[PDB]
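Each remark here refers to the structure printed beneath this line.
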Amino acid sequence: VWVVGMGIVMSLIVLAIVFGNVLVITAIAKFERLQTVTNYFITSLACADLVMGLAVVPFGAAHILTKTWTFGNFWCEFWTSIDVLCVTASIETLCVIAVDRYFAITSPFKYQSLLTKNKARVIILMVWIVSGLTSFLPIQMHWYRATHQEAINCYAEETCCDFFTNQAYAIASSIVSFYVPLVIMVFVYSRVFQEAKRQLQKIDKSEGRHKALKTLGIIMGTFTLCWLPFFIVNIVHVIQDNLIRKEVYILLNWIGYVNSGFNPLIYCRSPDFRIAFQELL
Ligand SMILES: CN[C@@H]1CCc2c(ccc(O)c2O)[C@H]1O
């Protein structure tokens, strides 16, 4: 009396992610005024989110509902690799956008020289290749395999699908994918807030006779609340085995998936971009 219910919610999640990614991609592609050096990063992020929504979510949904993975083992390895790739690519694109905003605000005179049309494609390709090398190489080549009896029993079984890793690989993946971008974003947005406060004081210095907090708070809080608990649990269950069950792990992982859905809504809100929506519909 509960299978017919959660399926509807998961289908709505899939539809929302697909629609949110596709609308942004087509709006940027087919409209002349929208093209900008800063909009290419948004295009890369939208592509990563679309790949996530198209590939990762439905297969995991089917696996959760029917409780039996009705495909091979090569397919499950590929699915895990694609999931890791998409997650790390999304996070690194976020940190790249934050760094670009810092460069734009802190140094306005030299902003043109630092970033150009040629230098953005190279950065995007570098981000994508480092994201790909972190996931496919250690997974597709069986270098992350564990040494537990339950782990080998699960690995030998064809139908059963589950995730087991050694502690070292979990630590390395978490460090590469989450912590460093978070530190970079924190420093960037602290500096941006300081600059905004300084300008706000400077204006009221002469023009005699808030919003920055709202914007920075929403931008940081959405990402931090969506993704922070999952990586803490990721470290914890491999440092100590008894603490974390297999259901809390899945729930906290699935919490982070919805972040890709909200990202186009929070990042793309420019008035010209809404005008671009207006023409489409
Ligand atoms: C299938 N779930 C995976 C399992 C581990 C993992 C994820 C995402 C990023 C990482 O760096 C990881 O190590 C999760 O999406």
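The way I read the labels, and the way they are meant: chains A, B, ... in the order of the structure tokens, residue 1 as the first residue of every chain, and ligand 1 as the first ligand shown, with later ones counted on from there.
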- List all protein, DNA and RNA residues that have an atom no more than 10 Å from any atom of ligand 1, counting only C-alpha atoms and all ligand atoms, and report them as a VMD selection string. chain A and resid 56 60 76 to 77 79 to 89 91 131 134 to 135 162 to 165 169 to 178 227 230 to 231 234 to 235 249 to 250 252 to 254 256 to 257
Take the residues from that selection and put them in a file with N, CA and C atoms, as a compact mmCIF listing (two decimals), in the first residue's frame.
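Done, and the output landed in part_15.txt:
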```txt
# COMPACT_ATOMS: atom_id res chain seq x y z
N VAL A 56 21.25 8.68 -13.87
CA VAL A 56 21.44 8.11 -12.53
C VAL A 56 20.11 7.84 -11.86
N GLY A 60 18.43 4.07 -10.23
CA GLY A 60 18.40 3.93 -8.79
C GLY A 60 16.99 3.80 -8.25
N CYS A 76 26.19 -2.06 -13.46
CA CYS A 76 26.16 -1.38 -12.17
C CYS A 76 27.47 -0.63 -11.92
N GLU A 77 28.59 -1.20 -12.37
CA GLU A 77 29.85 -0.46 -12.29
C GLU A 77 29.78 0.83 -13.11
N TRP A 79 27.08 2.50 -13.89
CA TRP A 79 26.15 3.41 -13.23
C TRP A 79 26.81 4.14 -12.08
N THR A 80 27.56 3.41 -11.24
CA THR A 80 28.26 4.05 -10.14
C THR A 80 29.27 5.07 -10.65
N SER A 81 30.02 4.71 -11.69
CA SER A 81 31.01 5.62 -12.25
C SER A 81 30.36 6.89 -12.77
N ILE A 82 29.24 6.76 -13.48
CA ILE A 82 28.55 7.93 -14.02
C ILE A 82 28.04 8.81 -12.89
N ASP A 83 27.50 8.20 -11.83
CA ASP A 83 27.01 8.98 -10.70
C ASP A 83 28.13 9.81 -10.07
N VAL A 84 29.27 9.17 -9.80
CA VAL A 84 30.39 9.89 -9.19
C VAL A 84 30.87 11.01 -10.11
N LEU A 85 30.98 10.72 -11.41
CA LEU A 85 31.43 11.73 -12.37
C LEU A 85 30.52 12.95 -12.36
N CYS A 86 29.21 12.73 -12.46
CA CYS A 86 28.28 13.85 -12.51
C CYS A 86 28.34 14.67 -11.22
N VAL A 87 28.41 14.00 -10.06
CA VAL A 87 28.44 14.73 -8.80
C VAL A 87 29.67 15.63 -8.72
N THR A 88 30.85 15.06 -8.99
CA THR A 88 32.07 15.85 -8.85
C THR A 88 32.13 16.97 -9.88
N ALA A 89 31.65 16.72 -11.10
CA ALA A 89 31.63 17.77 -12.12
C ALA A 89 30.73 18.92 -11.70
N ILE A 91 29.91 19.86 -8.60
CA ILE A 91 30.50 20.61 -7.48
C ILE A 91 31.64 21.50 -7.98
N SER A 131 37.31 15.61 -13.31
CA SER A 131 36.16 14.91 -12.77
C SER A 131 36.08 13.48 -13.30
N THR A 134 38.75 11.07 -11.81
CA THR A 134 38.56 10.69 -10.42
C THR A 134 37.60 9.52 -10.27
N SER A 135 36.70 9.32 -11.23
CA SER A 135 35.63 8.33 -11.09
C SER A 135 35.86 7.08 -11.94
N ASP A 162 25.33 -3.31 -4.40
CA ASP A 162 25.61 -2.51 -3.22
C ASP A 162 26.99 -1.89 -3.37
N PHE A 163 27.28 -0.90 -2.53
CA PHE A 163 28.50 -0.12 -2.63
C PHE A 163 29.37 -0.36 -1.40
N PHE A 164 30.61 -0.80 -1.64
CA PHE A 164 31.60 -0.99 -0.59
C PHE A 164 32.94 -0.44 -1.05
N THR A 165 33.61 0.30 -0.17
CA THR A 165 34.90 0.89 -0.50
C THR A 165 35.84 0.78 0.69
N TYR A 169 40.12 5.10 -0.14
CA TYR A 169 39.46 5.63 -1.33
C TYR A 169 38.33 6.57 -0.96
N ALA A 170 37.56 6.23 0.08
CA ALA A 170 36.48 7.10 0.51
C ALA A 170 37.02 8.46 0.94
N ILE A 171 38.10 8.46 1.73
CA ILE A 171 38.69 9.72 2.18
C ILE A 171 39.18 10.53 0.99
N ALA A 172 39.89 9.88 0.07
CA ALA A 172 40.44 10.60 -1.07
C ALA A 172 39.34 11.19 -1.95
N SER A 173 38.30 10.40 -2.24
CA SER A 173 37.21 10.89 -3.06
C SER A 173 36.48 12.05 -2.39
N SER A 174 36.21 11.93 -1.08
CA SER A 174 35.54 13.02 -0.38
C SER A 174 36.37 14.29 -0.40
N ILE A 175 37.68 14.17 -0.15
CA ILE A 175 38.55 15.34 -0.14
C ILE A 175 38.59 16.00 -1.51
N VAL A 176 38.73 15.19 -2.57
CA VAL A 176 38.83 15.76 -3.91
C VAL A 176 37.51 16.40 -4.32
N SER A 177 36.38 15.84 -3.90
CA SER A 177 35.12 16.27 -4.48
C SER A 177 34.37 17.32 -3.66
N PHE A 178 34.55 17.38 -2.34
CA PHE A 178 33.71 18.27 -1.55
C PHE A 178 34.48 19.35 -0.79
N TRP A 227 24.36 19.15 0.58
CA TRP A 227 25.44 18.18 0.39
C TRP A 227 26.28 17.88 1.62
N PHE A 230 25.89 14.30 3.80
CA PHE A 230 26.21 13.07 3.09
C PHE A 230 27.69 12.74 3.18
N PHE A 231 28.56 13.74 3.02
CA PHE A 231 29.99 13.47 3.06
C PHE A 231 30.48 13.21 4.48
N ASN A 234 29.70 9.76 4.86
CA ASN A 234 30.60 9.02 3.99
C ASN A 234 31.93 8.75 4.68
N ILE A 235 32.47 9.75 5.37
CA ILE A 235 33.68 9.53 6.15
C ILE A 235 33.39 8.61 7.33
N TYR A 249 22.16 5.98 4.91
CA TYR A 249 23.10 6.32 3.85
C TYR A 249 22.37 6.62 2.55
N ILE A 250 21.43 5.75 2.17
CA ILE A 250 20.70 5.95 0.93
C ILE A 250 19.86 7.21 1.00
N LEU A 252 20.36 9.98 2.83
CA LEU A 252 21.19 11.17 2.76
C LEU A 252 21.82 11.34 1.39
N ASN A 253 22.12 10.24 0.70
CA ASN A 253 22.58 10.34 -0.68
C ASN A 253 21.49 10.91 -1.58
N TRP A 254 20.26 10.42 -1.44
CA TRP A 254 19.16 10.90 -2.27
C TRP A 254 18.78 12.34 -1.96
N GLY A 256 20.95 14.69 -1.62
CA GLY A 256 21.85 15.49 -2.42
C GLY A 256 21.49 15.54 -3.90
N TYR A 257 20.73 14.55 -4.37
CA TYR A 257 20.37 14.52 -5.79
C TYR A 257 19.44 15.67 -6.16
```
- Run DSSP on the backbone and give me the residues of segment 43-271 of chain A it puts in alpha helix (DSSP H), as a VMD selection string. chain A and resid 43 to 51 57 to 66 74 to 106 111 to 114 117 to 140 149 to 156 167 to 174 180 to 206 211 to 239 246 to 267 271
- Message: One number please: atom CA of residue 158 of chain A to atom CA of residue 139 of chain A, in Å, one decimal.
- Response: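 Separating atom CA of residue 158 of chain A from atom CA of residue 139 of chain A is a distance of 17.2 Å.
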Using only C-alpha atoms, find each residue of segment 127-197 of chain A with at least one atom at most 7 Å away from an atom of segment 94-117 of chain A; report its shortest atom-to-atom pair and that distance in Å (one decimal), sort the rows by chain and rising residue number, and return the result as JSON lines.
```
{"residue": "A:181", "atom": "CA", "partner": "A:95", "partner_atom": "CA", "distance": 5.4}
{"residue": "A:184", "atom": "CA", "partner": "A:95", "partner_atom": "CA", "distance": 6.9}
{"residue": "A:185", "atom": "CA", "partner": "A:95", "partner_atom": "CA", "distance": 6.1}
{"residue": "A:188", "atom": "CA", "partner": "A:102", "partner_atom": "CA", "distance": 5.9}
{"residue": "A:192", "atom": "CA", "partner": "A:102", "partner_atom": "CA", "distance": 6.6}
```
- Item | Nearest-residue call for residue 63 of chain A, choices A:201, A:118, A:159, A:270, using only C-alpha atoms |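 Nearest to residue 63 of chain A: A:159.
By only C-alpha atoms, and with residues fewer than 2 positions from residue 59 of chain A along its chain excluded, the set lying at most 12 Å from it is residues 10, 11, 14, 52, 53, 54, 55, 56, 57, 61, 62, 63, 64, 65, 66, 67, 68, 69, 70, 71, 75, 76, 78, 79, 80, 82, 83 and 161 of chain A.
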- Message: Quick check, in Å to one decimal: how far apart do atom CA of residue 244 of chain A and atom CA of residue 221 of chain A lie?
- Response: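 Atom CA of residue 244 of chain A sits 25.1 Å away from atom CA of residue 221 of chain A.
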- Counting only C-alpha atoms, which of A:92, A:195, A:219, A:155 gets nearest to residue 129 of chain A?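 Residue with the minimum atom-to-atom distance to residue 129 of chain A: A:92.
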- In terms of the shortest atom-to-atom distance over only C-alpha atoms, which of A:43, A:278, A:147, A:263 is closest to residue 16 of chain A? A:263
- Nearest candidate to residue 90 of chain A (options A:1, A:44, A:22, A:126; using only C-alpha atoms):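 When distances to residue 90 of chain A are compared using only C-alpha atoms, the smallest one comes from A:44.
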